[PDB]
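Everything below concerns the one structure shown next.
Reconstructed Cβ throughout: ideal geometry from the backbone, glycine too, with neighbour counts over all protein chains shown. Derivation of every value follows stated rules applied to the coordinates shown; laboratory data play no part.
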Amino acid sequence: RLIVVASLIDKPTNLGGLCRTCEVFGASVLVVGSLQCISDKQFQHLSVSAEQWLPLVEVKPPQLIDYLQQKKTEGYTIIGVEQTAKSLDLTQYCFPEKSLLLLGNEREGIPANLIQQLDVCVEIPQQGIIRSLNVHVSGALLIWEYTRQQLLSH
Amino acid sequence: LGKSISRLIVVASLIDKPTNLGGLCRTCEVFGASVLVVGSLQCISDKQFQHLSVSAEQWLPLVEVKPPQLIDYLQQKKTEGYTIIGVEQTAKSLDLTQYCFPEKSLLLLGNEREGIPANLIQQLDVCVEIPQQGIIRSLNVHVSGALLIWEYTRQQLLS
Ligand SMILES: Nc1ncnc2c1ncn2[C@@H]1O[C@H](CSCC[C@H](N)C(=O)O)[C@@H](O)[C@H]1O
Ligand SMILES: Nc1ncnc2c1ncn2[C@@H]1O[C@H](CSCC[C@H](N)C(=O)O)[C@@H](O)[C@H]1O
């Protein structure tokens, strides 16, 4: 199933929100940059106890390359969630069963050294003038789309 | 070539928290909703709203419909050919995975605490729910709205 990697995300509100969404959709694991975030009050406000029920794993940003390489060997497709020239449109993207979603930092997105390690980048198409979506919302949309496709395939 | 007029209406009048309203404002702008309806335009004056909306309020039409005026507003939109879709977990809700959105869709989101009140459930044409797998009872209301806005958008793009 689905691994969501939030190690690049800085804000406890985004992490806490994502924790709730991952739990609701039955993600296999949510990966965070520091287990300390789980006990942050802003995180807890948004996660509404989801952390009790969702597997959580710490992978610090410096360890991401090695972690993602290991997941490839286990049969995961490493999917960057990002707006890039080479990104595939989410409306056109059929998820592999073993999908891993890498979310970007709120300010910096996914850095070039990590883009290089990805199997694919997937982009949510936009119609308005605002540059991008919130990172938690972005992750929610891909988590949902993966889930929708899997429910329909099964 | 050519950008179609947006039919999608998102109604957030029942939502209380400025963080949810601001987040939803950004999402609605990004996906080109025709309008975001709010319970009070006071919300856009709030720093918490502004932090999350990232100026989207400058580009997305906002209209105020106070909750006591909601029934009249929804009735007028039916007259204009809108399907009034409650976004809510109920025994008669249609599963989002099986729901085909009409072009003129209006999404009514519930209050964070109270959901959609009974007097408004009466006014709905249909209720739509996002299926869940885990233990937690519900999604955040802005995230719920984002998922329906996305599914509406995906469906319209495929046709
Ligand atoms: N339309 C979209 N498609 C895919 N990811 C998106 C997205 N909008 C926001 N994101 C996600 O949210 C993160 C923070 S947004 C910051 C970078 C953004 N691409 C920019 O140039 O402004 C991104 O790194 C990505 O993971
Ligand atoms: N799975 C889901 N499907 C559809 N709407 C949902 C949803 N999860 C949350 N929502 C939306 O988010 C709002 C706040 S959740 C409101 C309280 C919730 N009914 C409870 O019992 O705890 C709802 O009114 C609805 O509009």
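Charge tally around A:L142: other residues with Cβ under 15 Å, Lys/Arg +1 each, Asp/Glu -1 each, net -3. Can you run the Rg to Rh ratio on the range A:2-154? Use alpha carbon positions and the Kirkwood inverse-distance Rh. Answer for the range A:2-154: 0.93. Cross-link partners of A:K41 among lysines, defined as those whose alpha carbon lies under 23 angstrom from its own and excluding same-chain residues fewer than eight positions apart: A:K11, A:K60, B:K17, B:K47. For chain B, averaging the sequence separation of C-alpha pairs within contact (under 8 Å, six or more residues apart) and dividing by the residue count gives a relative contact order of 27 percent.
Summed over qualifying helices (DSSP H, 4 residues or more, each -39500 (n - 2.57)) and divided by its residue number, chain B shows a 222 nm mean residue ellipticity of -9500 deg cm²/dmol. Averaging 1/r over every pair of different alpha carbons in the range A:74-154 and inverting the result gives a Kirkwood radius of 13.2 Å. Taken residue by residue and averaged, Cβ atoms of other chains lying within 10 Å of the Cβ of B:19-29 number 3.
Derived value for the protein assembly as shown: Kirkwood hydrodynamic radius 19.9 Å. Basis is the mean of 1/r over every pair of different alpha-carbon atoms.
Extent of the range A:40-118 along its three principal axes (Cα atoms, max minus min coordinate, largest first): 38, 28, 28 Å. Expressed to the nearest 5 percent, the antiparallel share of DSSP beta bridges inside chain A is 5 percent. Listed by chain and number, the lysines placed with their C-alpha closer than 19 angstrom to that of A:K98 are A:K71, A:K72; residues fewer than eight positions away on the same chain are left out.
The string of couplings for the range B:54-59 from the Karplus curve (6.51, -1.76, 1.60, θ = phi - 60°) is 6, 6, 4, 4, 6, 10 Hz, one whole number per residue in order, with x for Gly and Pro.
Using the Cβ-Cβ distance between A:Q116 and A:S39 with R0 set to 35 Å, the FRET efficiency works out to roughly 0.55. For B:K66, a cut-off of 13 angstrom between C-alpha atoms picks up these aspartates and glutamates, skipping any fewer than 8 places away in its own chain: B:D16. Here the dipole of the protein assembly as shown is about 120 debye; that uses its Cα centre as origin and unit charges on the Cβ of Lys and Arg (positive) and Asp and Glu (negative).
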